[PDB]
Amino acid sequence: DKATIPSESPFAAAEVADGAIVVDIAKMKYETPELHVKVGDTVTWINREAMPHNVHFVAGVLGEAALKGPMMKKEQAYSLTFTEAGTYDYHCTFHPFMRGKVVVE
Ligand SMILES: [Cu+2]
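Numbering of the sequence shown is given in the working numbering, commencing with residue 1019 and proceeding in unit increments.
As structure tokens, this is what we get:
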């Protein structure tokens, strides 16, 4: 697979590292919808609002099967560590019109 998962479940936003590469989710949007990182980087999404959200990569993007991230409540976080160069699109399971991508250089 093309990413590893440091936290299987959502975790508290207060425990996101200071350093971390963060994508906020707010107002029904990913607030960095075209994020550029490098091989080896960890990305952390943080839901900033009451409406639940996730991140969801369809089958074949990060692995043979889909990666459907866990449901994230307000001030919950979820991370992926990207290990292979490429561009990886995702959406929100609940709200598929909400889309983003991670461009891994
Ligand atoms: Cu959503």
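C-beta: ideal position from N, C-alpha, C; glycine also.
Query                                                                                                                                                 : Result
Give the single residue among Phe1100, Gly1081, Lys1047 and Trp1063 whose Cα lies nearest to the Cα of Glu1093.                                       : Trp1063
Mind checking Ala1030: buried by the 16 CB within 10 Å criterion, or exposed?                                                                         : exposed
Sorry if obvious, but does the Cβ on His1074 come closer than 7 angstroms to a heavy atom of ligand 1?                                                : no
By the three-class DSSP mapping on this structure, what secondary structure does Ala1068 have?                                                        : coil
Output yes or no for whether 8 angstroms exceeds the beta carbon distance between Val1122 and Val1041.                                                : no
Hey, how far is the Cα of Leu1080 from the Cα of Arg1066?                                                                                             : 25 angstroms
Could you tell me if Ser1097 is buried or exposed, where buried requires 16 or more neighbouring beta carbons within 10 angstroms of its beta carbon? : buried
Please state whether DSSP places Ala1084 in a helix, a strand or coil.                                                                                : coil
Tell me whether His1113, by its Cβ, gets closer than 7 angstroms to a heavy atom of ligand 1.                                                         : yes
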